[PDB]
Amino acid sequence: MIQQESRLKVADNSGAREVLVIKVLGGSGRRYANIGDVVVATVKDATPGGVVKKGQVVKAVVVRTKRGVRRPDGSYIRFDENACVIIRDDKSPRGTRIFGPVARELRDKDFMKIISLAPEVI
């Protein structure tokens, strides 16, 4: 499960390439993140000369997980990687493009801009 020190791929064009989880937001006791959760993380790798830099602390929403989610209709969806999108405090993405499919569960948590920018929603 995604927890502190887990490495996440970045599914956007913000400049960040990989982040390392520091904590899962949402209250004392939260330890594991799944789709829709917001994490505080440090940028592990980034493209040089960009807006986001290595070592910087950012907030990111998880958009794909290997663990996946069980749905009300009996379906279960999972992905082949743990990925996130770097966001501002108002939940809007810092980048302008989202790469790869994202889970529809994001819609329930009000990540509307990400859902609109996503290539496909599953």
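Quick note: we count residues from 1 along the sequence shown, nothing fancier.
Comparing average C-alpha B factors as deposited, tell me which of 85 to 93 and 36 to 44 sits higher.
Looking at the recorded C-alpha B-factors, 85 to 93 comes out higher on average.
Averaging only over Cα atoms, indicate whether 66 to 74 or 46 to 54 has the higher B-factor in the PDB entry.
Looking at the recorded C-alpha B-factors, 46 to 54 comes out higher on average.
Sorting by Cα B-factor within the chain, modelled residues only, which third would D110 end up in: lowest, middle or highest?
Answer is highest: the recorded C-alpha B-factor places it there.
Grab the CA temperature factor for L8 from the record and place it in the lowest, middle or highest third of its chain.
For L8, whose C-alpha B-factor we compare with every modelled residue in the chain, the answer is the lowest third.
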